[PDB]
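Chemist: What follows is a protein structure lacking sequence information:
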């Protein structure tokens, strides 16, 4: 089997991407944030504290003839950005772009933190990291990909995120028309439960490539590109007037600037992030100070190849016995 679904930016800055997901019988369609940095499929629901729902589409398990309460099961998660959610668990039928899993753990939110409430465009998350990170207790549950894997034509999914435009998540096949040149594959460590790999270095604009190992994770659920302070300083040094602002919480730059590109290495291959991808607009409405899309990972404890980096590539998440990551230009 295979699946193919379109993923759409939630706003004009590509702050995140939503993908429609069918849950239950009859189908209830929710727009979820496909997140290769976590491993819980959770949804706004009829069980969510009413005051914490503000415009999201909810899952109502009592209206699904295939929903079954997973007795005694609870979940609770906190994300790198400080957000959190928790609740109970159902199993139900879940389909993504024509690909169907029966008995998928659907984690129903009783509580969500304010950032989720305040974002009406995201109805929940669909985790695509390794199932070892799943928070359901006392019986850990598998991710959607893990549940589908054996049925897929090939045990892979691919992320093709758009810049200021829709993209695609495919399951079970590699669309050879979706990229240019070849796919370069690189080793993955699953020891932290992430799609963790090692970039071979970087360049700023037309500058010379610096060969240097950068360990980090391929994370569709993080907006920006988070890299070591040395690297990030090297980048913003090329932008007149850019500075790290403690009060804003990162590097800012004059909105009148033209940003240089940023290149990262995948083995011998190179992925070029155009400068425009690194502009995330005014820090506050009407400001002429703009927020940078490349930021320091110092204090996160891990480097994150988030959407800013991933949207410049066609990315293969290969879930073979020994997982690997593939990157191609597009």
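Modeler: Thanks, I have the structure now. Numbering: from 1, shown residues only.

Chemist: Same question for the helix or strand harbouring residue 92: list its buried residues.
Modeler: Assigned by DSSP states H and E, residue 92 belongs to strand 84-96. In terms of neighbour count (16 or more other CB atoms under 10 Å), strand 84-96 has its buried residues at 85, 86, 87, 88, 89, 90, 91, 92, 93, 94, 95, 96. For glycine as for every other residue, the C-beta is placed from the backbone atoms N, C-alpha and C.

Chemist: tell me the two of the residues you listed that are most distant?
Modeler: Farthest-apart pair in these is 86 and 95; separation 25.4 Å (CB to CB).

Chemist: neighbours of the closest residue to residue 259 other than its chain neighbours, just the number please.
Modeler: Nearest non-adjacent residue to residue 259, counting by CB to CB, 6 or more residues apart in numbering: residue 275, 3.4 Å away. Residue 275 is flanked by 17 other residues according to other CB atoms under 10 Å.

Chemist: do the same with the one 5 residues further on
Modeler: Look at residue 280: counted by other CB under 10 Å, it has 19 neighbours.

Chemist: Repeat that for residue 267.
Modeler: Neighbours of residue 267 (other CB under 10 Å): 13.

Chemist: Now do the helices in the stretch 151-300 of the chain.
Modeler: For the stretch 151-300 of the chain, applying DSSP state H, counting those that start in this stretch gives helices covering 229-236.

Chemist: all strands for it, in order.
Modeler: For the stretch 151-300 of the chain, the strands defined by DSSP state E, counting those that start in this stretch occupy 156-160, 167-171, 184-187, 196-204, 210-218, 225-227, 243-245, 250-254, 262-266, 269-273, 279-282, 289-292, 294-296.

Chemist: Show me the domain layout of this protein.
Modeler: Domain assignment for the chain by curated CATH domains gives 5-174, 175-330.

Chemist: what residue is smack in the middle of the protein?
Modeler: What sits nearest the mean C-alpha location of the chain, by CA atoms, centre = their mean, is residue 220, with 1.8 Å.

Chemist: Quick one: residues contacting the spatially closest residue to that one that is not a sequence neighbour.
Modeler: Closest residue to residue 220 apart from its sequence neighbours, by CB to CB, 6+ apart: residue 36 at 4.5 Å. Residue 36 makes contact with 128, 129, 159, 194, 195, 217, 218, 219, 220, 221, 317, according to CB atoms under 8 Å, 6 or more residues apart in numbering.

Chemist: Among these, which one lies nearest to residue 243?
Modeler: Proximity of the contacts of residue 36 to residue 243 (CB to CB) peaks at residue 219, which lies at 26.2 Å.

Chemist: and the closest one, what is it in contact with?
Modeler: Contacts for residue 219 (CB under 8 Å, 6+ apart) come out as 35, 36, 37, 194, 195, 304, 305, 306, 310.

Chemist: again, but for residue 23
Modeler: Per CB under 8 Å, 6+ apart, neighbours of residue 23: 29, 30, 43, 59, 64, 92, 93, 94, 106.

Chemist: Isn't the fourth one up against residue 42?
Modeler: No. Using CB atoms under 8 Å as the test, residue 59 is too far from residue 42 to be in contact (9.6 Å).

Chemist: what number of residues lie near the nearest residue to residue 72 once chain neighbours are set aside?
Modeler: Spatial nearest neighbour of residue 72, excluding adjacent residues (CB to CB, 6+ apart): residue 138 at 7.0 Å. By the other CB under 10 Å criterion, the neighbourhood of residue 138 contains 7 residues.
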